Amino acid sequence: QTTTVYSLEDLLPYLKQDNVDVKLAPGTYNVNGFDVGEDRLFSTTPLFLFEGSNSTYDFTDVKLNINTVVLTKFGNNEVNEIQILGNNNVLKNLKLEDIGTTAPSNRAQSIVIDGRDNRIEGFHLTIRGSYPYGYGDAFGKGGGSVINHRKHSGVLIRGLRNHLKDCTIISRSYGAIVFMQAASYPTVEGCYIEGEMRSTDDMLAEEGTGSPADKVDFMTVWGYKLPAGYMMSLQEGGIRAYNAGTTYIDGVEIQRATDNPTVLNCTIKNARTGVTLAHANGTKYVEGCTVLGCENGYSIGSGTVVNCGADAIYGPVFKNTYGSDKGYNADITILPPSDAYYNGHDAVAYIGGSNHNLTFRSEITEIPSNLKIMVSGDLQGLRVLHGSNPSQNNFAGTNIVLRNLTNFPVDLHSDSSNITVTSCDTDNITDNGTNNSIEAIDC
């Protein structure tokens, strides 16, 4: 019942067909610059466009090496390795690696999941090739950049009820690793997602070298010179939902925000954020995740974070995104450090908005002297200094339950009100707010 093919060339015709079961034979397949052209293997991007429905593709023991030169072979167009347009497809076990570090002519996405009821499982993806690489978003992630970018992102989940399951996604590229645009009921489950980090001090040491950042005197898009003392990811978000986007389902082009995302049992390491879903609508649910060495742990805006952990070595484990946040229910374990602390944000959590129920647990006994749980106040966050991103800082918190089962101190700013705090110790709580309740608990 399964058709086995032995070349990429033989594989491609099956992509336009419905109801097929195909296996690409174990082996290594290389895609080079010479494979792109009019009479070549790939005359268009996306390279692999899955247009059929109700099909299964088995990539067990297949290694697909794509030279990043391919990212420049299509003119000034976005290049995608895989795009799924059809429905009810299952793609499994592929090991895909970007070879070299050549940047795109415009931008690239490794995998794009449109349509409905699709699943990608057991993939091992390595993402490379982007510009600039080494600054994170300090010099621009969208329009009006200080340094123009050529981004290369990992898995873009769109469509309806699309499912990423048990994949490993390693990025050494400036771009989001797993992200959602116009996705309805996307699920990310059991994935390992990993970027890498660089200190702003190391970036600032490019002074006098003639680097791209040296040429702009390290002036960031946030309106100030890049500050020392922070650890940045070279990637964008680990798992991030966007509030805009376009998707294609059953012949229909759809422009909408992401809605109803679910993230289960994922591990995210060294990205700009662990799980950020505040811009998604509907029900947000995050369970069983581990976030290590990210610039921010969990920010879902509203919904449930349960049985999740994050360490605090490079940024807070928890951040309310806006003063409009409402109904954020979270139980987060502050994990032992995965490396030495280098947290310039001076906070393990920043809490605001209203009607939250927050529990923090930890076994940590050595508390860095700069780290505290903040309810309201002036977060010293890399991107929210000096009035930058003003809606994401300096906002009030009201009617919040805060169960602090940790040794971390708590600072309730004067803009806090009706905060019900329970804590292992009350001696390290500073309360400058209005009508707050503070009670001790035994352990």
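In case it trips you up, residue 1 is the first one in the sequence shown, and so on.
A.B. asks: Could you settle it for me: does 208 to 216 or 184 to 192 have the higher average Cα B factor in the PDB entry?
C.D. replies: Comparing 208 to 216 with 184 to 192, the higher mean C-alpha B-factor belongs to 208 to 216.
A.B. asks: Mean CA temperature factor from the deposited coordinates, higher in 75 to 83 or in 152 to 160?
C.D. replies: So the stretch with the higher mean C-alpha B-factor is 75 to 83.
A.B. asks: Given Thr283, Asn88, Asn357, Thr200, identify the residue with the highest C-alpha B factor in the PDB entry.
C.D. replies: Result of the comparison over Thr283, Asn88, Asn357, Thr200: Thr283.
A.B. asks: For the CA B factor values reported in this entry, which option in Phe42, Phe59, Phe50, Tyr29 has the top one?
C.D. replies: The listed residue with the largest C-alpha B-factor is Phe42.
A.B. asks: Going by the recorded CA B-factors, say which third of the chain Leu379 sits in, lowest, middle or highest.
C.D. replies: Middle third of the chain for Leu379's C-alpha B-factor.
A.B. asks: Place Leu94 in the lowest, middle or highest third of its chain's C-alpha B-factors, as listed in the PDB entry.
C.D. replies: Within its chain, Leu94 is a lowest-third residue by C-alpha B-factor, going by the deposited values.
A.B. asks: With respect to C-alpha B-factor, does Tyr350 fall in the lowest, middle or highest third of the chain as deposited?
C.D. replies: CA B-factor rank for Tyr350: middle third.
A.B. asks: Going by what the PDB entry lists, where does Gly397 fall on CA B-factor within its chain: lowest, middle or highest third?
C.D. replies: CA B-factor rank for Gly397: lowest third.
A.B. asks: Splitting the chain's C-alpha B-factors into thirds, which one does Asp137 fall into?
C.D. replies: Tercile = middle for this residue's CA B-factor.
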